[PDB]
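Visitor: Chains as they are written, first to last, in the numbering used here: chain F, 429 to 537; chain W, 564 to 806; chain H, 4 to 59; chain U, 47 to 94; chain D, 125 to 406; chain L, 112 to 208; chain B, 40 to 266; chain A, 40 to 266; chain C, 240 to 332; chain E, 50 to 98. Supplied in structure tokens, the structure appears directly below.
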Amino acid sequence: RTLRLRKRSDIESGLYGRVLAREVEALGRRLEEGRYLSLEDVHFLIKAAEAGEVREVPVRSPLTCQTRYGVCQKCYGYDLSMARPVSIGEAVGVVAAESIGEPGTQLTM
Amino acid sequence: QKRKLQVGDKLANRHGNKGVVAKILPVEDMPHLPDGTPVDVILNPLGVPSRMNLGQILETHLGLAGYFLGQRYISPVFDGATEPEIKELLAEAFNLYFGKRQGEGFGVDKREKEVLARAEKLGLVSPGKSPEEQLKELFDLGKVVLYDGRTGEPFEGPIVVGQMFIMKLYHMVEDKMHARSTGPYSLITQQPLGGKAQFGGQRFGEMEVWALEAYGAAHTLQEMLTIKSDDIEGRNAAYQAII
Amino acid sequence: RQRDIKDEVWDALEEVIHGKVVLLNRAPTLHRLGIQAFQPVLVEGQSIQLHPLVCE
Amino acid sequence: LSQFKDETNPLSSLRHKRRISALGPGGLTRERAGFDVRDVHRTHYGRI
Amino acid sequence: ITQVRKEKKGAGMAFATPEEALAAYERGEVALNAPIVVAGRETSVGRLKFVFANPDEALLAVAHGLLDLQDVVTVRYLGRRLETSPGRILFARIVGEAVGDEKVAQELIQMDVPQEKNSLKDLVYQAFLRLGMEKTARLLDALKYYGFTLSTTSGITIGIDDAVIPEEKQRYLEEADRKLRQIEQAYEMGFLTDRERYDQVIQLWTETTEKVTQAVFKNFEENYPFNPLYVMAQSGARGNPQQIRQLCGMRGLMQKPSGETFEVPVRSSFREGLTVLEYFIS
Amino acid sequence: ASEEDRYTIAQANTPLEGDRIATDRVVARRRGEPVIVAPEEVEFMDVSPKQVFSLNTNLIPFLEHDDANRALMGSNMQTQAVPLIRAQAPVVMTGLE
Amino acid sequence: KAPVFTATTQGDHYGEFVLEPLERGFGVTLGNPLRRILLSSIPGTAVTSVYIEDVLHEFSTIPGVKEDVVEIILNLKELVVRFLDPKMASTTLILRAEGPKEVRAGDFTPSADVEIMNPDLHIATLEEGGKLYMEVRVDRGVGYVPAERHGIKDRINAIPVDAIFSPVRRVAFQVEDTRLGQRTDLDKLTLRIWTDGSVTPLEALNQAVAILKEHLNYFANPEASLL
Amino acid sequence: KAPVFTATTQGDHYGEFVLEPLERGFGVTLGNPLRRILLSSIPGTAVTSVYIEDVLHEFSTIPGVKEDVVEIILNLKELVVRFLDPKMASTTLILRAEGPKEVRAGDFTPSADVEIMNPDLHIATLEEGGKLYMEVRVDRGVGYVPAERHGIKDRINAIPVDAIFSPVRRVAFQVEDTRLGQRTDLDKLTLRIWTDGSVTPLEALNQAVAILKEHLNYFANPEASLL
Amino acid sequence: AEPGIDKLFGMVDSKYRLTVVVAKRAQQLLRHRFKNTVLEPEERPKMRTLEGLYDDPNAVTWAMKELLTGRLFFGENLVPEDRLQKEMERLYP
Amino acid sequence: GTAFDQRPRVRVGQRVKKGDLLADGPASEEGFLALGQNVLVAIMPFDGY
RNA sequence: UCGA
Ligand SMILES: [Zn+2]
């Protein structure tokens, strides 16, 4: 019943290469919207939340994307493998597909 | 045809450890012993703890003490050699080995002194005992002093060695290896053939296609599904082009 | 005709080799990294060499 | 139940002749198999 | 090679002056890597005996055969007084030489503790992040060549005595036997019925398996930290904990093909050898 | 098999001495259920542990030290074997050859 | 100091060498390179070429002969022969064994510039009335070249065999401490040379040392450059 | 067949030499000997113990100087000199500086034919009124000799110092299999060598190779002990 | 990796845009037998050869350094395809 | 395609008992299955090969 | 049916 924090790897998978939906005020360092995220950013959010400054994390997600027959960069994130903002004309459907596809062999346990 | 074992061929033991031949090393360079007899394989100790097979280890130890003796070893399944037995075999073979160098006008090698000293740090050989007894213990553990056939210097620590049984597996690179530039095509659809003796190219799976798209190589994919495979004038005009 | 691979060929294919590179795939193809691309380097043998790290 | 002999070595044909398959005409088929089908029964022991 | 070698032989005695401790080092009353005390500030015999003004000096002194590849010594190395192991300095060095400058290189790496899987990973990320693609690639390849040849020099191998079952096995396991005698004498006393006896037994073998596993790892750390199997699976080279348990330890109870787990302990490890029974159940 | 489920069957690894039972507690089972027994209830035994495996699997020395997976692999690989001109039988074998 | 050098041979077969004293750690640097080139670049024979009036190929079993052809070949590369001349590149040998008499390297037809180092080498156990004619070209070269990488072409069937030249059986060097010099912990290097008799241990060490010093002083005028 | 030798060097610091190509296995054959002989030989700076006014122990701090005694010792080790005349195998350099002075390898008061090839080195910093005098002992020879081995004490309070001999820092040759035309068996062997400025990399190399052909020519006279 | 990559990717927004660029330009280099290009003798991507050391025939590498300088120009709807392609096959054979 | 061969292991003549092996097999060493060889083996990470 |  004690509310804890999602352990490192979780949020690392959650907020990495994200795009800020709205402005953020915590710990004196202001995070404007549209700014992408890195390990520095994410760990900073970690610490900030550890200070009880912030809990919710508004971000633009593929679900929230109104791009039709596709998606956008602001709704997506980095390119992961390239660590840089996702390039236009990207395979993201297939990306996703393979990304969760390879693990298919290793959950027997 | 006489087929000598080539580079890349499948080989494995009775204890279930596979592999392929990687770059056979010249007789010159090789981790030999004070008798100057180099080893024949030098297999990496990784697949052992992950795949959990100790039988090859014990087999190699019995082969260690046994090579010196040459006598055979019948170890029926679940009933056979045990740690004390093989231990005595080790002590035996070593007694006669240290004997081999003692009467032939030799003694403890300085490099061996070094290896024994470094091993004495982690308690690998019981301290307070002379290097002779220490090499008795070490050799008993399954490992002895090896010298890099390249540098000539020993190795930081002991290396388990011995006689062990292996096998030359059916799959042979001289067979499995195949390639084709431009061959025949299927009658129904102009798609190239497959198989080896049929002289045909590999197929690009659905998942292959997907991955190719994931990279975002549009042309590579297009050429793959068209020019490179069955395309009407595509393959022909291709051969034309590169020619 | 005639396996006469004498230096006329062995070193010309070389002149075409440099620059453009080829691809290698290990089935199953799961991650896209299951298909990568490498600079061709001709080596004596019937086997295939590849960088130990990407093998994973 | 009838196929190319295993001549890869003597022990090959030996073992092969000593192998048993639940597949074929009037056994089960690939499409139908469970856990208990390919499993090892308690009393298996010195038999298979 | 990045491992910090430390010995318990010296016992860490109390010396008012360095010279006393030195004489003691010669006489064998202390170990080279042993954390002894000098004046009011403790230190290793090596940190005193071996003092280097720069990496290349230490490289010569070591590779010449006067010092082991891993010991506690003192060096400057980019303008600071630090006490570490030759393989550490080597690490930072190779990083720098691979990337082209050792400043930022050494800056983002741990200069204290041995480098295993995850640490390396972090460094790779920091590399492709702060540096760029080609740089990171050349870096990785340097790790390939250097690393491979390092493990080659090591000659770390695997043998029967390279994993030894802790002495705690006999004790704790036969204790579990006595406990089983308790539970069994209960089952006929009416205190415990059948099912709950099965449960008490199942948790008995649970906690037994854990006691002996803990014993395995603790024994490998307290005594033989350079143990090849241990080190191997530890640094993330090859292995997992359960593997090490079954290989040296108690393999633990098995599961019936029906899915209800067995009530009978397998005990003996892979090296101990398993009886026909255990092997079949497994 | 049906008849095997009936009696109490010991193991080949039983405490064999002087053609008699040595230690009180002895390996045994019914239907495949491991149970410790006594010098009395002893009924049947095993000829040899060899019967608990196949041909190739029995050609592996110290097999009790190898996990089932790699053992399996070892066996079917013994099937995958090819002839050798200079071939040399294992200097350590199970004596079954 | 003075590098006292004592050179022990025994026959053309087994011999060792000891040099003491020497600088600390040098013994490695001496011992290994020697051994390295000592096991490789040393010329030898182990034949190449073989012909028999009775055979199709390397297989077909010759009547009156226990072992098949390729087994008689198992006995070929294990045969060591030295020439009494340095200048004889190639050669030829003739062999005849009739009746129920066995075959060995000594059973050959002796000639000029040829000596066998193992007449006791077993070839084939010839049964009752086995008649066989044989001939072999034993040439000399460097290193080891398999039969598949070199051709012959004598007559109706000319079948190559592996060439293991490398007359040195094996080389083992050991670095010990010597009392023979001014300071402490010096290197007395003992190089153990095992030869088959095509070359005595002494002269083996000689030629090895030759290629050694030569390829050593191979560093000539270089070409410098700077960024 | 034609072992082309190329050496690309920069300054008295770095040099890299390749013999491309070379026979298989030979590329690894010359690597370690040249390695150890380069680092275990080829004499140089070799700076031993130095007496220091007011400084007794190697520990007790020195007033008027920023760095403590040991730091200065490090700075001393780093320095490199050379004897112009082979006659002088031993010298004692001295320095005395007071007040707020910048103390460097240049400030060092000169000597006989001894020359300092390292003009700028930061030895120490002197605060206001800081008094310092030191006389350092310098010699020749090879390898490495820690404060344990040499018991050098010139004056009363002089403190033994680790001596840097061999001009080279590290070598650790990099050999790789190369390809020219056919026959992948070639050797590309390359060397990365460092120098402290005493001898240019090419010099150190050639000196080493001299040591090499010398010790190689140690084999002439046999002594026959055959058992 | 391929020399001068990070900057390349650093130019075009789309990771794929670069590919289009490289493709088209390189193909154009193969069209005219390398007399188009903005690379001078020192910048000529020479490939090492035992026979004799010549310019690397591969169009890709050439394109690499070509953009690496930045002397080129890349953009969508740059000029009508007509006069664009007509004056390219004119200047050079 | 695996070769089948039988090597006579008996001399020109001698007297044998019943069951004694007069000839080998595709892999048979003196009445024992010979798959591979027992050759010297070392265990260590050699140049990562 | 057997490799991976
Ligand atoms: Zn969007």
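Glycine is no exception: its CB is placed at the ideal position from the N, C-alpha and C atoms.
Using the C-alpha atoms, what's the distance from U:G72 back to F:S489?
Guide: For F:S489 and U:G72, the distance between alpha carbons rounds to 55 Å.
Visitor: Between the C-alpha atoms of D:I284 and D:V336, what's the straight-line distance to the nearest angstrom?
Guide: Taking the straight line from one Cα to the other gives about 19 Å.
Visitor: At which residues does the beta strand (DSSP E) containing B:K227 begin and terminate?
Guide: Segment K227 to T234, the beta strand (DSSP E) holding B:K227.
Visitor: Just list the beta strand (DSSP E) runs in the region 40 to 95 of chain B, keeping only unbroken ones of 3 residues or longer that don't cross its boundaries, in chain order.
Guide: Qualifying beta strand (DSSP E) stretches, in chain order: 43 to 47, 53 to 59 and 88 to 90.
Visitor: Does the Cβ-Cβ distance between residue 423 of chain F and F:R446 come in under 7 Å?
Guide: Nothing can be reported for residue 423 of chain F, as the shown portion of chain F is limited to 429 through 537.
Visitor: Classify A:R176 as buried or exposed, calling it buried when 16 or more other Cβ atoms lie within 10 Å of its own Cβ.
Guide: Burial call: buried.
Visitor: Within 7 Å (strictly less), CB to CB, does residue 96 of chain U reach chain E?
Guide: Given a span of 47 to 94 for chain U in the structure shown, any question on residue 96 of chain U remains unanswerable.
Visitor: Go through the residues and name those whose CB comes closer than 5 Å to any heavy atom of ligand 1, in chain order.
Guide: Every residue passing the under-5 Å Cβ criterion appears here: F:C493, F:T495, F:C500 and F:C503.
Visitor: Please give the ranges of any beta strand (DSSP E) in the region 97 to 139 of chain A, keeping only runs that are unbroken, at least 3 residues long and fully inside the region.
Guide: As far as the region 97 to 139 of chain A is concerned, its whole beta strand (DSSP E) runs of at least 3 residues are 120 to 122 and 130 to 136.
Visitor: List the residues that DSSP assigns as beta-bridge partners of L:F155.
Guide: BP columns for L:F155 point to L:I120.
Visitor: Quick one: what's got a C-beta closer than 8 Å to B:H189's C-beta in the same chain, skipping five residues either side?
Guide: Correct list, in chain order: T87, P199 and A202.
Visitor: Helix, strand or coil for W:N616 per DSSP?
Guide: In this structure, W:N616 counts as strand in the three-state DSSP scheme.
Visitor: If we count Cβ pairs, one from each stretch, closer than 8 Å, do we get three or more for the region 224 to 235 of chain B versus the region 604 to 613 of chain W?
Guide: These segments do not touch.
Visitor: Given 8 Å as the limit, is there contact between the region 248 to 261 of chain A and the region 40 to 47 of chain H, that is, 3 or more CB pairs closer than that?
Guide: Flag = no, the region 248 to 261 of chain A and the region 40 to 47 of chain H do not touch.
Visitor: Check whether the region 660 to 676 of chain W touches the region 194 to 203 of chain L, taking contact to mean three or more Cβ pairs, one atom from each stretch, closer than 8 Å.
Guide: Too few Cβ pairs lie closer than 8 Å, so no.
Visitor: For F:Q534, which three-state DSSP category applies?
Guide: Of the three classes helix, strand and coil, the one that applies to F:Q534 here is coil, per DSSP.
Visitor: Just to make sure I have the definition right: I need the residues of chain H whose C-beta is within less than 8 Å of the C-beta of C:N297. Which are they?
Guide: Under the 8 Å cutoff, chain H gives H21, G22 and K23.
Visitor: Using beta carbons (cut-off 7 Å, strictly below), is H:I8 in contact with chain W?
Guide: So no, H:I8 is outside the interface.
Visitor: How would you list, in chain order, the residues of chain E whose beta-carbon sits under 7 Å from the beta-carbon of L:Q122?
Guide: Residues of chain E passing the Cβ test: none, with the nearest at roughly 28 Å.
Visitor: Using DSSP with H/G/I as helix, E/B as strand and the rest coil, what is A:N157?
Guide: Coil, per DSSP.
Visitor: D:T333 lies in the alpha helix (DSSP H); which residues open and close that run?
Guide: Element bounds for D:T333: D318 to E346.
Visitor: With 7 Å as the threshold, decide whether the Cβ of H:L53 is near any Cβ in chain F.
Guide: It does not; no Cβ of chain F falls within 7 Å.
Visitor: Under 9 Å Cβ-Cβ, which residues of chain E neighbour D:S359?
Guide: Near D:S359 there are no residues of chain E at all, since even the closest Cβ is about 13 Å away, more than 9 Å.
Visitor: Cβ closer than 9 Å: which chain W residues qualify as neighbours of B:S79?
Guide: Within chain W, the residues near B:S79 are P589, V590 and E591.
Visitor: Have a look at the DSSP bridge pairing and note the partners of H:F41.
Guide: In DSSP, H:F41 forms a bridge with H:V25.
Visitor: Check each residue of the region 373 to 394 of chain D: if its Cβ is closer than 9 Å to any Cβ of chain C, include it; give the result in chain order.
Guide: Going along the region 373 to 394 of chain D in chain order, one finds no residue with a Cβ nearer than 9 Å to chain C.
Visitor: What did DSSP end up calling B:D152 once you bin it into helix, strand or coil?
Guide: Of the three classes helix, strand and coil, the one that applies to B:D152 here is coil, per DSSP.
Visitor: Nearest to L:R136 by alpha carbon, out of L:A121, L:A192, L:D178 and L:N187?
Guide: Checked all of L:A121, L:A192, L:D178 and L:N187; the closest Cα to L:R136 is L:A121.
Visitor: Would you call the CB atoms of W:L617 and W:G705 closer than 7 Å?
Guide: No; because the gap between Cβ atoms is not below 7 Å, this pair is not in contact.
Visitor: How should H:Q52 be labelled, buried or exposed, when 16 other C-beta atoms within 10 angstroms of its C-beta is the threshold for buried?
Guide: That one is exposed.
Visitor: With distances taken from CA atoms, which of A:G236, A:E215, A:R75 and A:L69 is nearest B:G64?
Guide: Closest by alpha carbon: A:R75.
Visitor: Quick check on DSSP: helix, strand or coil for F:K475?
Guide: Residue state, collapsed to three classes: helix.
Visitor: L:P172 CB to nearest chain E CB: under 7 Å?
Guide: Not an interface residue.
Visitor: So does the region 51 to 67 of chain B actually touch the region 207 to 221 of chain B, counting three or more Cβ pairs closer than 8 Å?
Guide: Output reads yes: the region 207 to 221 of chain B touches the region 51 to 67 of chain B.
Visitor: Does the separation of the CB atoms of W:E591 and B:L69 fall below 7 Å?
Guide: Cβ atoms of W:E591 and B:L69: not closer than 7 Å.
Visitor: When Cβ atoms are compared, which residues of the region 339 to 356 of chain D fall closer than 9 Å to chain F?
Guide: Going along the region 339 to 356 of chain D in chain order, one finds no residue with a Cβ nearer than 9 Å to chain F.
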